[PDB]
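A quick write-up on the structure given underneath.
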Number of protein chains: 2
Amino acid sequence: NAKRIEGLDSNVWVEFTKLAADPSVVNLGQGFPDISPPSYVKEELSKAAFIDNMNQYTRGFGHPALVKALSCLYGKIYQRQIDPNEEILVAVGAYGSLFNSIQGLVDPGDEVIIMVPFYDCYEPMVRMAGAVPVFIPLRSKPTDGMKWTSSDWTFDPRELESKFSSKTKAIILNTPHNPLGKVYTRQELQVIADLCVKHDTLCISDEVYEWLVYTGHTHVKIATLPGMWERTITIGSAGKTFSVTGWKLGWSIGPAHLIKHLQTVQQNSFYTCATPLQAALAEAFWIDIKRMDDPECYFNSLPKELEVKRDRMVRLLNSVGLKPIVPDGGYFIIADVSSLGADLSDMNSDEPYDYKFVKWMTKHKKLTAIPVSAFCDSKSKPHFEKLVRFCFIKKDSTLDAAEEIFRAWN
Amino acid sequence: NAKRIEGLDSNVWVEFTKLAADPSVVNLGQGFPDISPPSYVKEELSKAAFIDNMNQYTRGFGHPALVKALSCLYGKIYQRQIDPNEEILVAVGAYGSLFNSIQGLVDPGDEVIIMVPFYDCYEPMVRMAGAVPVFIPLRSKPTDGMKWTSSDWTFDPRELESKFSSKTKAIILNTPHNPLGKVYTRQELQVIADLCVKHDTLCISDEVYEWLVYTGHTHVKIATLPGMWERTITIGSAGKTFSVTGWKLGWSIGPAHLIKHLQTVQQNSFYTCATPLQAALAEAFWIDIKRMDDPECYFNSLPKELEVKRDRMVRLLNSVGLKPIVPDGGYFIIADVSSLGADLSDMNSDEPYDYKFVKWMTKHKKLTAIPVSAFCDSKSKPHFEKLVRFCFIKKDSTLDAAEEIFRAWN
């Protein structure tokens, strides 16, 4: 195997699939919506399949109707003009966008800063570019008194500064955050921008859950803050916008001198994406761009629908003493499990507590989730190994089944 | 920009899509079927769109249904039990497959051997891995007196032997060839396997047009030669197989100890491909696999539709003194132009004769084609720049409109 990929072949994720495969288990694990996508997104894929041109090659850098749509959607949010051809790249999900950003932008020997826990791909992407990932963790403050929230987690600004050196090329920021659920604040994003103009670094901002933010909270885009347009790549995703995780299209959006470089990676790796998916996506974005100010718009109605279920899953968790972190955004909730009956002494590994615990819960209670340590670099895992992540983008009947289980839990 | 991408940002094919800009010209340039796809290919994409699970994540290394069908199709072809999880990988086109093969198997400083002219991603794809492309030209033999054909082009076994040394990691082989239309012979494939076996190197085998061989030739797969299974990766296309160019789905077939590395690249780049394209393709495949021996199987009915369009195209090319090379396979035809009015004074600039001629034929005849020099290394163009490539997977209307132009040529 080539050197750029030694030791990046870990897939503990296929184990979590194996887990979840017995069909008498309720899978609250990987981020797999089992609600219906909005009918019109299904309809449009159908319409596009019957148009010959749609089934043939389309534009390397994104289907013109799709990037036309994106440029006008994000035009409004940025309070800007965004240039469909020089400032957008469409790629194989936000996953491929992150690959474009890092491969195009990051050199052997460079430092990239990653906030732990992270979408787990940040780590092996940076090591593959031959760069050094530099970790700094989120760390919790005292509560309000009532509940534990996403907002109770923060980073220490002075610790952050201490991470930047002349070797820092970039920082990767995920907000709304997976797994925490954290929606970053204008104050938190201002400290990060300060440093990556102070130091002349870039900032890769992964904002695929921009539309999922719940009440009390607002998505702010660091790329909109003074001095950051020049130096930010902000990445979005079809799968999370439109509950269509199987479409696998996403976008990078930033300045031409950076998008250039993403562009060359795409051109030399897979070249173009699928045409019917982009065609149909662009119709769906149109159906929703035009009603942004109504609640019938998917950007509004989905978080409204998911908030109810967030609060339903908090309660369920609380009802067995799994101590939940009510999330500000996204559609995972994390729960401390340690005040549960630590019960795994006879399970023979030095994996982390949470893998062992999730294994046990899957065996005995018939529910699966994901251990937070999966989202941690190896030196950080002990600080996070009693934490476990559940996904709630699910239909009622699934939250029902899970309700069944927690009632009978003791 | 990252060093890995230095000067791989030229896309001369943006300028060609400029000439295809459409002052009533018949565009005979890019590989862009304008026939319809098979009706059931389209049908299954729609059916899929309406199933909710068909719009959510699937197995990262290929939709299970889909790798099942590949394994059953290719096992019929390889004469062997092919394991659908460990010997296949589904990627974003053949284009993504080659990228997987290279990134995961080639190191900086390895040498990779390439036959010119070559599908044009090979040089950059290998150059991006920091390897050194080593080139060897295809050369003409005396014709049988009667016709020029793709099999009048071959390689020199001793010249090939001398491009191998201990830095050679691999040779890239493309058959049927784009743009020659050559179907490599058993005897030619034999000389390659000898050198791969003696030098312990890999062969990456690009066989997307593998079903498009015409009367008097067979596709044989180098992977099936004694000793080549363990050293070969062989790549196919949804685009080329079902005329669905915008679906961008391809696959690598090969031994576990090679696929696991491609899997690794896949997993740290794009992760999974699209569920609905792949659900439908699977069903497209099953449909044609159950009628392999029948004239209605798309695998038989396509080559046969196409032979006729080819023979039509050779006449037209002759009608007007463009000396065509009749291809044994694929859906491109190359034509020698040297002997017309040759005569391009408007067009100062040593860039290459074929580019100037394609520009000319666009302006004055409203026909576009692709200059063959575009599939060469720089040191090879002079040996190929009187050659021009035309595409014929075209509906009757389109070839019709071509007749009217050759008919009016003089």
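Residue numbering restarts at 1 in every chain; chains get A, B, ... in the order shown in the structure tokens, and ligands count up from 1 in that same order.
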Closest-contact table, chain A side, partner chain B, 8 Å, counting only C-alpha atoms, as CSV:
residue,atom,partner,partner_atom,distance
A:1,CA,B:105,CA,5.3
A:2,CA,B:105,CA,4.8
A:3,CA,B:107,CA,6.6
A:4,CA,B:107,CA,7.9
A:5,CA,B:104,CA,7.1
A:8,CA,B:264,CA,6.9
A:9,CA,B:264,CA,5.4
A:32,CA,B:56,CA,6.7
A:33,CA,B:56,CA,7.2
A:34,CA,B:53,CA,7.6
A:36,CA,B:52,CA,6.0
A:37,CA,B:52,CA,7.0
A:42,CA,B:49,CA,5.3
A:43,CA,B:49,CA,7.4
A:45,CA,B:49,CA,6.0
A:46,CA,B:46,CA,4.4
A:47,CA,B:46,CA,7.6
A:49,CA,B:42,CA,5.4
A:50,CA,B:42,CA,5.9
A:52,CA,B:36,CA,5.7
A:53,CA,B:34,CA,7.6
A:54,CA,B:246,CA,7.0
A:55,CA,B:246,CA,4.8
A:56,CA,B:246,CA,4.0
A:57,CA,B:246,CA,3.9
A:58,CA,B:246,CA,6.3
A:92,CA,B:270,CA,6.0
A:93,CA,B:270,CA,7.2
A:95,CA,B:270,CA,5.5
A:96,CA,B:270,CA,4.7
A:99,CA,B:269,CA,5.5
A:103,CA,B:2,CA,7.2
A:104,CA,B:2,CA,5.5
A:105,CA,B:2,CA,5.3
A:106,CA,B:2,CA,5.6
A:107,CA,B:2,CA,5.4
A:121,CA,B:268,CA,6.9
A:124,CA,B:268,CA,6.6
A:125,CA,B:268,CA,6.1
A:243,CA,B:56,CA,7.8
A:244,CA,B:55,CA,5.3
A:245,CA,B:56,CA,4.6
A:246,CA,B:56,CA,3.8
A:247,CA,B:274,CA,4.9
A:248,CA,B:274,CA,5.6
A:258,CA,B:1,CA,7.9
A:261,CA,B:1,CA,5.5
A:264,CA,B:9,CA,5.4
A:265,CA,B:5,CA,7.3
A:267,CA,B:9,CA,8.0
A:268,CA,B:125,CA,6.0
A:269,CA,B:99,CA,5.4
A:270,CA,B:96,CA,4.7
A:271,CA,B:95,CA,7.2
A:272,CA,B:248,CA,7.6
A:273,CA,B:248,CA,6.4
A:274,CA,B:247,CA,4.7
A:275,CA,B:246,CA,4.9
A:276,CA,B:246,CA,7.2
task: Among the residues of range 75-300 of chain A, find those DSSP assigns to alpha helix (DSSP H) from the backbone and print them as a VMD selection string.
output: chain A and resid 75 to 78 93 to 105 122 to 128 157 to 163 186 to 198 238 to 242 256 to 267 275 to 289 298 to 300
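By chain and then residue number, the residues within 10 Å of residue 313 in chain B are residues 307, 308, 318, 319, 324, 326, 332, 333, 390, 391, 392, 399, 402 and 403 of chain B, counting only C-alpha atoms and disregarding those fewer than 5 positions away in sequence.
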Output file for the selection above: N, CA and C atoms, as a PDB file, in the first residue's frame:
ATOM      1  N   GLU B 307     -21.852  -0.559 -34.715  1.00  0.00           N
ATOM      2  CA  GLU B 307     -21.110  -0.955 -35.932  1.00  0.00           C
ATOM      3  C   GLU B 307     -21.605  -0.285 -37.206  1.00  0.00           C
ATOM      4  N   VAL B 308     -22.925  -0.176 -37.304  1.00  0.00           N
ATOM      5  CA  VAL B 308     -23.592   0.412 -38.433  1.00  0.00           C
ATOM      6  C   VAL B 308     -23.298   1.906 -38.440  1.00  0.00           C
ATOM      7  N   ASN B 318     -14.550   9.217 -45.726  1.00  0.00           N
ATOM      8  CA  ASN B 318     -13.890   8.991 -47.028  1.00  0.00           C
ATOM      9  C   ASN B 318     -14.510   9.950 -48.052  1.00  0.00           C
ATOM     10  N   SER B 319     -15.845  10.061 -48.023  1.00  0.00           N
ATOM     11  CA  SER B 319     -16.527  10.891 -48.990  1.00  0.00           C
ATOM     12  C   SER B 319     -15.681  12.161 -49.288  1.00  0.00           C
ATOM     13  N   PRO B 324      -9.842   7.810 -42.619  1.00  0.00           N
ATOM     14  CA  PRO B 324     -10.257   7.322 -41.296  1.00  0.00           C
ATOM     15  C   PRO B 324      -9.586   6.019 -40.905  1.00  0.00           C
ATOM     16  N   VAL B 326     -10.446   2.593 -39.141  1.00  0.00           N
ATOM     17  CA  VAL B 326     -11.637   1.985 -38.629  1.00  0.00           C
ATOM     18  C   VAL B 326     -11.405   1.233 -37.334  1.00  0.00           C
ATOM     19  N   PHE B 332     -15.352   5.976 -30.931  1.00  0.00           N
ATOM     20  CA  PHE B 332     -14.665   7.047 -31.551  1.00  0.00           C
ATOM     21  C   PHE B 332     -13.961   6.605 -32.846  1.00  0.00           C
ATOM     22  N   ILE B 333     -13.870   7.496 -33.818  1.00  0.00           N
ATOM     23  CA  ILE B 333     -13.066   7.211 -34.975  1.00  0.00           C
ATOM     24  C   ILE B 333     -12.066   8.292 -35.196  1.00  0.00           C
ATOM     25  N   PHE B 390     -13.447  11.933 -33.996  1.00  0.00           N
ATOM     26  CA  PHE B 390     -14.905  12.111 -34.145  1.00  0.00           C
ATOM     27  C   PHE B 390     -15.647  11.090 -33.321  1.00  0.00           C
ATOM     28  N   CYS B 391     -16.834  11.424 -32.800  1.00  0.00           N
ATOM     29  CA  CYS B 391     -17.612  10.512 -31.921  1.00  0.00           C
ATOM     30  C   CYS B 391     -18.899  10.036 -32.638  1.00  0.00           C
ATOM     31  N   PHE B 392     -19.294   8.762 -32.572  1.00  0.00           N
ATOM     32  CA  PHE B 392     -20.436   8.322 -33.343  1.00  0.00           C
ATOM     33  C   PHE B 392     -21.538   7.580 -32.617  1.00  0.00           C
ATOM     34  N   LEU B 399     -26.260  12.042 -37.252  1.00  0.00           N
ATOM     35  CA  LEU B 399     -25.415  11.654 -38.338  1.00  0.00           C
ATOM     36  C   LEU B 399     -25.978  12.255 -39.655  1.00  0.00           C
ATOM     37  N   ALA B 402     -24.716  15.407 -40.086  1.00  0.00           N
ATOM     38  CA  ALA B 402     -23.328  15.268 -40.506  1.00  0.00           C
ATOM     39  C   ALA B 402     -23.208  15.060 -42.038  1.00  0.00           C
ATOM     40  N   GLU B 403     -23.985  14.124 -42.598  1.00  0.00           N
ATOM     41  CA  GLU B 403     -24.042  13.995 -44.053  1.00  0.00           C
ATOM     42  C   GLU B 403     -24.209  15.345 -44.723  1.00  0.00           C
TER      43      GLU B 403
END
field: residue 109 in chain A environment, 8 Å, only C-alpha atoms, sequence neighbours closer than 6 positions dropped, as a ChimeraX atom specification
entry: /A:130-132,167
message: Report, in Å to a single decimal, how far apart CA of residue 115 in chain A and CA of residue 254 in chain A are.
response: 21.6 Å
- request: Determine, counting only C-alpha atoms, which protein, DNA and RNA residues have an atom within 9 Å of an atom of residue 230 in chain B; residues of the same chain fewer than 2 positions away are not included. Present the result as a ChimeraX atom specification.
  value: /B:202,223,227-228,232-233,254-258
Generate a file of the selected residues that holds N, CA and C atoms, formatted as a PDB file, in the first residue's frame.
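out_11.pdb was written with the following content:
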ATOM      1  N   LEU B 202       2.480  -3.923 -11.179  1.00  0.00           N
ATOM      2  CA  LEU B 202       1.032  -3.988 -11.348  1.00  0.00           C
ATOM      3  C   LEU B 202       0.594  -3.650 -12.773  1.00  0.00           C
ATOM      4  N   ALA B 223      -6.289  -9.561 -16.838  1.00  0.00           N
ATOM      5  CA  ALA B 223      -6.430 -10.171 -15.491  1.00  0.00           C
ATOM      6  C   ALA B 223      -6.644 -11.691 -15.572  1.00  0.00           C
ATOM      7  N   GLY B 227      -1.045 -15.836 -13.982  1.00  0.00           N
ATOM      8  CA  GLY B 227      -0.248 -14.914 -13.176  1.00  0.00           C
ATOM      9  C   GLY B 227      -0.745 -13.472 -13.043  1.00  0.00           C
ATOM     10  N   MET B 228      -1.799 -13.095 -13.745  1.00  0.00           N
ATOM     11  CA  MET B 228      -2.189 -11.669 -13.708  1.00  0.00           C
ATOM     12  C   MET B 228      -3.297 -11.312 -12.657  1.00  0.00           C
ATOM     13  N   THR B 232      -3.305  -7.528 -10.984  1.00  0.00           N
ATOM     14  CA  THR B 232      -4.079  -6.570 -11.793  1.00  0.00           C
ATOM     15  C   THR B 232      -5.269  -5.885 -11.104  1.00  0.00           C
ATOM     16  N   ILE B 233      -5.447  -4.590 -11.302  1.00  0.00           N
ATOM     17  CA  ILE B 233      -6.772  -3.919 -11.068  1.00  0.00           C
ATOM     18  C   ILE B 233      -7.439  -3.593 -12.416  1.00  0.00           C
ATOM     19  N   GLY B 254     -10.625  -7.063  -8.532  1.00  0.00           N
ATOM     20  CA  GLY B 254      -9.223  -7.490  -8.322  1.00  0.00           C
ATOM     21  C   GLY B 254      -8.972  -8.122  -6.987  1.00  0.00           C
ATOM     22  N   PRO B 255      -7.767  -8.589  -6.775  1.00  0.00           N
ATOM     23  CA  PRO B 255      -7.502  -9.411  -5.566  1.00  0.00           C
ATOM     24  C   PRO B 255      -7.574  -8.584  -4.253  1.00  0.00           C
ATOM     25  N   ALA B 256      -7.990  -9.194  -3.152  1.00  0.00           N
ATOM     26  CA  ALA B 256      -8.183  -8.457  -1.854  1.00  0.00           C
ATOM     27  C   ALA B 256      -7.030  -7.623  -1.468  1.00  0.00           C
ATOM     28  N   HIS B 257      -5.815  -8.139  -1.628  1.00  0.00           N
ATOM     29  CA  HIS B 257      -4.662  -7.376  -1.116  1.00  0.00           C
ATOM     30  C   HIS B 257      -4.412  -6.142  -1.943  1.00  0.00           C
ATOM     31  N   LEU B 258      -5.119  -5.966  -3.081  1.00  0.00           N
ATOM     32  CA  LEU B 258      -5.043  -4.698  -3.829  1.00  0.00           C
ATOM     33  C   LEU B 258      -6.273  -3.823  -3.623  1.00  0.00           C
TER      34      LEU B 258
END
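Counting only C-alpha atoms and comparing A:75, A:347, A:216, A:325, the residue that lies closest to residue 360 in chain A is A:347.
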- request: Pick out the residues sitting within 8 Å of residue 159 in chain B, and hand them over as a PyMOL selection string; count only C-alpha atoms, and ignore anything fewer than 4 positions along from it in its own chain.
  value: chain B and resi 136+155+163
Could you save those same residues with N, CA, C and O atoms as a compact mmCIF listing (two decimals), in the first residue's frame?
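result_23.txt written:
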# COMPACT_ATOMS: atom_id res chain seq x y z
N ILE B 136 5.45 5.42 -23.88
CA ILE B 136 5.86 4.68 -25.03
C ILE B 136 4.73 4.80 -26.04
O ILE B 136 3.55 4.63 -25.66
N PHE B 155 2.47 -2.15 -30.46
CA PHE B 155 3.64 -1.62 -29.76
C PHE B 155 4.84 -2.45 -30.07
O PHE B 155 4.72 -3.57 -30.50
N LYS B 163 11.31 -0.03 -21.23
CA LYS B 163 10.76 0.98 -20.30
C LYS B 163 10.61 0.40 -18.88
O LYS B 163 10.19 1.13 -18.00
- request: Please return as a ChimeraX atom specification: the residues of range 180-349 of chain A that backbone DSSP assigns to strand (DSSP E).
  value: /A:202-206,232-237,250-253,323-325,332-336
field: Exercise: residue 301 in chain B partners within 12 Å, only C-alpha atoms, chain neighbours under 2 positions left out, as a list in words
entry: residues 38, 211, 212, 213, 214, 241, 242, 288, 291, 292, 293, 294, 295, 296, 297, 298, 299, 303, 304, 305, 306, 307 and 308 of chain B
Quick one: write out the picked residues with N, CA, C and O atoms as a PDB file, in the first residue's frame?
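Generated output (selection_24.pdb):
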ATOM      1  N   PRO B  38     -31.180   3.089 -22.605  1.00  0.00           N
ATOM      2  CA  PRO B  38     -32.173   2.009 -22.586  1.00  0.00           C
ATOM      3  C   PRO B  38     -33.335   2.425 -21.694  1.00  0.00           C
ATOM      4  O   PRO B  38     -33.128   3.018 -20.640  1.00  0.00           O
ATOM      5  N   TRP B 211     -17.588  -3.787 -23.816  1.00  0.00           N
ATOM      6  CA  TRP B 211     -18.714  -4.383 -24.558  1.00  0.00           C
ATOM      7  C   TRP B 211     -18.833  -3.839 -25.972  1.00  0.00           C
ATOM      8  O   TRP B 211     -19.717  -4.263 -26.718  1.00  0.00           O
ATOM      9  N   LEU B 212     -17.992  -2.882 -26.335  1.00  0.00           N
ATOM     10  CA  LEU B 212     -18.091  -2.253 -27.636  1.00  0.00           C
ATOM     11  C   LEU B 212     -17.001  -2.734 -28.560  1.00  0.00           C
ATOM     12  O   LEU B 212     -16.232  -1.953 -29.081  1.00  0.00           O
ATOM     13  N   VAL B 213     -16.948  -4.033 -28.759  1.00  0.00           N
ATOM     14  CA  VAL B 213     -16.143  -4.594 -29.842  1.00  0.00           C
ATOM     15  C   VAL B 213     -16.925  -5.059 -31.071  1.00  0.00           C
ATOM     16  O   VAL B 213     -17.964  -5.748 -30.958  1.00  0.00           O
ATOM     17  N   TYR B 214     -16.416  -4.694 -32.245  1.00  0.00           N
ATOM     18  CA  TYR B 214     -17.104  -4.994 -33.504  1.00  0.00           C
ATOM     19  C   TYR B 214     -16.592  -6.279 -34.185  1.00  0.00           C
ATOM     20  O   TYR B 214     -15.609  -6.878 -33.721  1.00  0.00           O
ATOM     21  N   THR B 241     -21.123   1.455 -20.021  1.00  0.00           N
ATOM     22  CA  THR B 241     -21.936   0.230 -20.190  1.00  0.00           C
ATOM     23  C   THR B 241     -23.432   0.468 -20.567  1.00  0.00           C
ATOM     24  O   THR B 241     -23.948  -0.234 -21.378  1.00  0.00           O
ATOM     25  N   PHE B 242     -24.106   1.460 -19.964  1.00  0.00           N
ATOM     26  CA  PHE B 242     -25.535   1.687 -20.148  1.00  0.00           C
ATOM     27  C   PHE B 242     -25.812   3.013 -20.828  1.00  0.00           C
ATOM     28  O   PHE B 242     -26.942   3.423 -20.875  1.00  0.00           O
ATOM     29  N   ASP B 288     -30.258  -7.167 -17.809  1.00  0.00           N
ATOM     30  CA  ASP B 288     -29.453  -7.659 -18.923  1.00  0.00           C
ATOM     31  C   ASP B 288     -28.710  -8.986 -18.683  1.00  0.00           C
ATOM     32  O   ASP B 288     -28.378  -9.689 -19.643  1.00  0.00           O
ATOM     33  N   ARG B 291     -30.361 -12.304 -19.856  1.00  0.00           N
ATOM     34  CA  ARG B 291     -30.579 -12.534 -21.258  1.00  0.00           C
ATOM     35  C   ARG B 291     -29.255 -12.359 -21.983  1.00  0.00           C
ATOM     36  O   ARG B 291     -29.183 -11.683 -22.988  1.00  0.00           O
ATOM     37  N   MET B 292     -28.196 -12.948 -21.449  1.00  0.00           N
ATOM     38  CA  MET B 292     -26.873 -12.717 -22.021  1.00  0.00           C
ATOM     39  C   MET B 292     -26.696 -13.234 -23.424  1.00  0.00           C
ATOM     40  O   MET B 292     -25.972 -12.650 -24.215  1.00  0.00           O
ATOM     41  N   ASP B 293     -27.400 -14.303 -23.738  1.00  0.00           N
ATOM     42  CA  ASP B 293     -27.228 -14.970 -25.005  1.00  0.00           C
ATOM     43  C   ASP B 293     -28.215 -14.437 -26.008  1.00  0.00           C
ATOM     44  O   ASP B 293     -28.311 -15.001 -27.054  1.00  0.00           O
ATOM     45  N   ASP B 294     -28.957 -13.379 -25.713  1.00  0.00           N
ATOM     46  CA  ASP B 294     -30.001 -12.916 -26.627  1.00  0.00           C
ATOM     47  C   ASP B 294     -29.672 -11.612 -27.298  1.00  0.00           C
ATOM     48  O   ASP B 294     -29.070 -10.734 -26.699  1.00  0.00           O
ATOM     49  N   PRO B 295     -30.085 -11.458 -28.557  1.00  0.00           N
ATOM     50  CA  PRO B 295     -29.909 -10.163 -29.212  1.00  0.00           C
ATOM     51  C   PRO B 295     -30.523  -8.942 -28.498  1.00  0.00           C
ATOM     52  O   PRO B 295     -30.248  -7.821 -28.928  1.00  0.00           O
ATOM     53  N   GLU B 296     -31.342  -9.117 -27.455  1.00  0.00           N
ATOM     54  CA  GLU B 296     -31.958  -7.948 -26.765  1.00  0.00           C
ATOM     55  C   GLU B 296     -31.121  -7.451 -25.566  1.00  0.00           C
ATOM     56  O   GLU B 296     -31.231  -6.301 -25.151  1.00  0.00           O
ATOM     57  N   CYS B 297     -30.321  -8.331 -24.986  1.00  0.00           N
ATOM     58  CA  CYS B 297     -29.328  -7.893 -24.039  1.00  0.00           C
ATOM     59  C   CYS B 297     -28.581  -6.686 -24.574  1.00  0.00           C
ATOM     60  O   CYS B 297     -28.039  -6.737 -25.710  1.00  0.00           O
ATOM     61  N   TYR B 298     -28.572  -5.600 -23.771  1.00  0.00           N
ATOM     62  CA  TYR B 298     -27.985  -4.323 -24.194  1.00  0.00           C
ATOM     63  C   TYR B 298     -26.504  -4.506 -24.556  1.00  0.00           C
ATOM     64  O   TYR B 298     -25.923  -3.707 -25.339  1.00  0.00           O
ATOM     65  N   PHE B 299     -25.916  -5.586 -24.023  1.00  0.00           N
ATOM     66  CA  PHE B 299     -24.546  -5.847 -24.261  1.00  0.00           C
ATOM     67  C   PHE B 299     -24.262  -6.287 -25.693  1.00  0.00           C
ATOM     68  O   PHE B 299     -23.101  -6.318 -26.117  1.00  0.00           O
ATOM     69  N   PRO B 303     -23.311  -2.741 -29.246  1.00  0.00           N
ATOM     70  CA  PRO B 303     -22.265  -2.919 -30.271  1.00  0.00           C
ATOM     71  C   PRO B 303     -22.831  -3.052 -31.729  1.00  0.00           C
ATOM     72  O   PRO B 303     -22.242  -2.496 -32.701  1.00  0.00           O
ATOM     73  N   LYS B 304     -23.977  -3.713 -31.866  1.00  0.00           N
ATOM     74  CA  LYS B 304     -24.503  -3.933 -33.169  1.00  0.00           C
ATOM     75  C   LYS B 304     -25.212  -2.677 -33.815  1.00  0.00           C
ATOM     76  O   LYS B 304     -25.056  -2.433 -35.042  1.00  0.00           O
ATOM     77  N   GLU B 305     -25.970  -1.942 -33.008  1.00  0.00           N
ATOM     78  CA  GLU B 305     -26.384  -0.591 -33.361  1.00  0.00           C
ATOM     79  C   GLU B 305     -25.185   0.249 -33.775  1.00  0.00           C
ATOM     80  O   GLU B 305     -25.242   0.983 -34.762  1.00  0.00           O
ATOM     81  N   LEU B 306     -24.098   0.141 -33.017  1.00  0.00           N
ATOM     82  CA  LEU B 306     -22.967   1.028 -33.203  1.00  0.00           C
ATOM     83  C   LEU B 306     -22.064   0.728 -34.435  1.00  0.00           C
ATOM     84  O   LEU B 306     -21.571   1.660 -35.121  1.00  0.00           O
ATOM     85  N   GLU B 307     -21.852  -0.559 -34.715  1.00  0.00           N
ATOM     86  CA  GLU B 307     -21.110  -0.955 -35.932  1.00  0.00           C
ATOM     87  C   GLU B 307     -21.605  -0.285 -37.206  1.00  0.00           C
ATOM     88  O   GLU B 307     -20.807   0.122 -38.053  1.00  0.00           O
ATOM     89  N   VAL B 308     -22.925  -0.176 -37.304  1.00  0.00           N
ATOM     90  CA  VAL B 308     -23.592   0.412 -38.433  1.00  0.00           C
ATOM     91  C   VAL B 308     -23.298   1.906 -38.440  1.00  0.00           C
ATOM     92  O   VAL B 308     -22.994   2.474 -39.470  1.00  0.00           O
TER      93      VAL B 308
END
task: May I ask for the distance between CA of residue 408 in chain B and CA of residue 18 in chain B, given in Å to one decimal place?
output: 24.2 Å
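Taking CA of residue 342 in chain B as the reference point, CA of residue 145 in chain B is found at 24.7 Å.
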